[PDB]
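Structure first, then comments.
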Amino acid sequence: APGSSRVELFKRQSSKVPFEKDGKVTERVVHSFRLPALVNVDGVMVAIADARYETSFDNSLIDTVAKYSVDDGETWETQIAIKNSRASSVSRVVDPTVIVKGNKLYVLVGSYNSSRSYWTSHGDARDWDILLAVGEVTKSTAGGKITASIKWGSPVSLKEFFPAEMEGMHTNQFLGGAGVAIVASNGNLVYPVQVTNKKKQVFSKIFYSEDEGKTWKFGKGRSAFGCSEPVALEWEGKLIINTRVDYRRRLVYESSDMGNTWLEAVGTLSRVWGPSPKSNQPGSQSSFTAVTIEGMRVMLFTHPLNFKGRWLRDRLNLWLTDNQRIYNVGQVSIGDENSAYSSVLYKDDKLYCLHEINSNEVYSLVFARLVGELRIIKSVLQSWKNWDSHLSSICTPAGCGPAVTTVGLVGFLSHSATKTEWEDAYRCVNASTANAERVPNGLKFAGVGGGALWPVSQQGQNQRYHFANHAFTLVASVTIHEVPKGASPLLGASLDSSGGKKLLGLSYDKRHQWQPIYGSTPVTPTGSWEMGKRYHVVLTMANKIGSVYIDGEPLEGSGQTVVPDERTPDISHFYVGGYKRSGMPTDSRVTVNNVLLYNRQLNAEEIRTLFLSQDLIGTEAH
Ligand SMILES: OC[C@H]1O[C@@H](O[C@H]2[C@H](O)[C@@H](O)[C@H](O)O[C@@H]2CO)[C@H](O)[C@@H](O)[C@H]1O
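For reference, each letter of the sequence shown is one residue, going 2 to 399, 409 to 632 in the entry's author numbering.
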């Protein structure tokens with residue numbers, strides 16, 4: 002990332018902290034630093050973490066360290082925010098989870114006295130407490146300089162707020178999800194927490210306070226079992242709770258009622274992010290925040306790619322999303338270093354990341370100035386803004411008719427293309443092409459193997475288009491140049507690598523009829539088409555039903571089940587203008603322009619507007 006730089010701020014086996022025991026304080030070298038949380042309190046940067054004094058092993062001696070800086074991270078002061086009980090050589094305060102409100106740092110930690118096993122394996126709660134400490138940040142301008150100070154109060158146990166029973170089950174322990182939590186728009190302090198029951202299942206809840214931390218409540222709902230280390234933000238009046246699932250894809254939920262109800266975010270972010278290339282390795286803590294960049298509300302998300310496997314968790318990656326498009330900003334860590342946990346802060350229009358580096362299970366936290374990354378982010382955000390503005394600004398055929415909708419518009423294939431790719435105007439997922447000739451606002455295809463392939467599950471580890479398994483609208487303009495020998499494809503969602511098994515699609519045949527394909531149902535040819543005429547094609551799928559529209563009108567027989575109510579589809583890719591498979595004997599001679607993908611089923615007016623504005627939406631002229 003050109004322009005970016007970093008320092009080893011919390012340096013393993015080197016950085017010292019003020020270790021207090023029985024009224025005596027000694028500057029003490031720390032073996033490992035883990036669990037970064039990086040925040041802004043009134044212009045003061047504060048970096049909170051675990052100081053694992055003797056080893057990186059989880060069940061060992063740990064205090065919560067804080068560093069703070071008034072100069073954007075050039076210099077820092079160092080404190081212990083929270084000390085462990087000092088009961089034993091493995092006493093520890095763990096998983097520090099931070100909320101900023103006003104001048105206050107709320108830090109929630111589990112506290113353990115003597116156990117040498119990880120908390121989820123405990124059969125009881127005898128070794129556990131849950132503590133809240135408050136740090137009060139003040140600033141001084143005495144002497145013509147800015148000086149900050151943080152006064153940490155004594156921790157208070159919140160155990161009294163943990164019910165012995167929850168929706169049936171009996172509770173054992175809970176911890177914060179680590180990293181940075183939030184103040185909701187209603188002022189509530191909101192911690193996503195990870196909780197165990199007596200069956201040793203782990204699940205996520207919302208733990209919240211309506212009275213500045215004095216009392217706490219749990220929402221009655223929960224994630225699925227197996228969801229740990231939850232991280233949350235508030236988006237459009239809802240909490241978005243992004244969870245770690247060891248050995249599986251991350252589950253993401255939305256709750257509008259402080260955790261009383263949880264709905265999997267299948268239409269947006271759930272199941273997008275895999276913990277390793279084959280999504281069969283441990284997960285991670287993640288930074289997940291909502292921020293406003295160049296006037297646009299967006300979300301930033303970090304997770305390692307974990308090519309190495311196990312808990313090594315190399316290749317920390319950064320992602321940008323507006324809850325519609327999902328852009329890979331790139332790799333924050335360096336080379337193949339192990340770099341699991343992280344915390345991203347956007348402050349005074351500068352981007353920073355405090356994150357782990359691990360060699361031989363000795364961990365430092367580096368403090369990175371993400372200059373290259375913010376440059377890419379602003380570029381991408383300007384492209385999103387530009388194209389949304391382009392589409393929204395179009396005076397559609399009436409005065410002007412209804413505006414073309416950009417709500418839920420995820421991808422758009424128009425004029426830009428290279429020799430082997432059709433480029434997404436939204437810059438997230440290009441389509442691969444074969445036997446494609448560039449024409450205004452699209453591509454012309456010919457010959458066996460021709461077409462374009464827009465990957466869905468084929469995206470691999472990180473599946474930005476997973477939403478399509480639940481609902482989508484796929485729109486294009488198509489022109490047929492040659493009468494085919496038999497039924498030939500134009501547009502569709504494939505369930506397998508070849509395109510032979512379809513969820514929903516549209517073909518055309520030698521008798522000048524359309525052949526809409528509804529899942530595995532026998533195909534009934536219908537309607538009529540003419541060579542050389544530009545047709546508007548809309549495929550919609552929602553609530554397991556698929557519809558095919560030509561020139562804004564449903565084909566006779568549209569609105570059929572395409573998904574057996576038991577299973578959830580796993581779309582491989584969308585195919586456009588052919589299958590893009592030389593193993594498929596069809597030869598589609600067609601031009602396709604302006605392909606739009608939405609994460610929802612468009613309504614009647616929206617479809618009609620798109621049909622009527624086909625000649626106006628191309629990116630060529632702009
Ligand atoms: O490697 C650091 C990492 O260890 C994880 O714990 C693993 C451990 O790595 C593995 O050797 C052992 O067999 O199983 C453990 C989990 O039961 C921790 O989860 C993680 O926090 C790190 O401490």
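For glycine and all other residues, C-beta sits at the position ideal for the given N, C-alpha and C.
Taking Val196 as reference, the option from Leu565, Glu213 and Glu166 with the minimal CA-CA separation is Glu166.
Look at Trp120: its beta carbon is at least 7 Å from all of the heavy atoms in ligand 1. Taking 3 residues as the shortest admissible run, the region 322-387 contains the following complete beta strand (DSSP E) segments, listed from N- to C-terminal end: 327-332, 343-348, 351-360 and 363-370.
In the three-state scheme derived from DSSP, where H, G and I count as helix and E and B as strand, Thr534 is classed as coil. The DSSP-derived three-state label of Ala435 is coil. Beta-carbon to beta-carbon, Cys228 and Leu252 are separated by about 6 Å, close enough to satisfy the 8 Å threshold. When the five nearest sequence neighbours on each side are left out, the beta carbons in the same chain lying within less than 7 Å of the beta carbon of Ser557 are those of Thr550, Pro564, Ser568 and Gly569, in order along the chain.
In the structure shown, the three-state DSSP call for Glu616 is helix.
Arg245 is bridged by DSSP to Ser229.
Ordered along the chain, residues surrounding ligand 1 are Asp59 and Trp312 [Cβ under 5 Å from any heavy atom]. About 6 Å separates the beta carbon of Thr416 from that of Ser393, a gap short enough to meet the 8 Å contact definition. Residue range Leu419 to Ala427 is occupied by the beta strand (DSSP E) that includes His425.
By the neighbour-count criterion, in which 16 or more other beta carbons inside 10 Å mark a residue as buried, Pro579 falls on the buried side. When only Cα atoms are considered, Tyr54 and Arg87 end up about 13 Å apart. Look at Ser89 here: in three-state DSSP terms it is coil, with no helix or strand label. Around the C-beta of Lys512, 16 or more other C-beta atoms lie within 10 Å, and the residue is accordingly described as buried. Counting only the Cα atoms, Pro193 lies some 6 Å from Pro231.
Here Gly4 is near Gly373, since their CB atoms are less than 8 Å apart. The shortest CA-to-CA distance from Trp539 to any of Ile581, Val573 and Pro494 is the one to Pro494. In this structure, the beta-carbon distance from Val91 to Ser122 does not fall below 8 Å.
Per DSSP, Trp120 is not a residue of any beta strand (DSSP E), being assigned neither H nor E. The C-beta separation of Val99 from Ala52 comes to about 15 Å, leaving the pair out of contact by the 8 Å criterion. Between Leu10 and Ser334, the alpha-carbon positions lie close to 15 Å from each other. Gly124 and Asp130 have their C-alpha atoms some 15 Å from each other. Counting only the Cα atoms, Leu453 lies some 35 Å from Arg577. Taking a cut-off of 8 Å for Cβ pairs, the region 608-627 and the region 497-509 do not touch, as fewer than three such pairs fall below it. In this structure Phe226 is exposed. Its beta-carbon is surrounded by fewer than 16 other beta-carbon atoms within 10 angstroms. Under a 10 Å Cβ-count criterion, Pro526 is classified as buried, with 16 or more other Cβ atoms of the shown protein chains found around its own Cβ. Close CB contacts of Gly457 within its chain, under the 7 Å cut and outside five residues either way in sequence, are with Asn445 and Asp597 (chain order). The beta carbon of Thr489 lies closer than 6 Å to those of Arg544 and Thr601 in the same chain, with the five residues before and after it left out.
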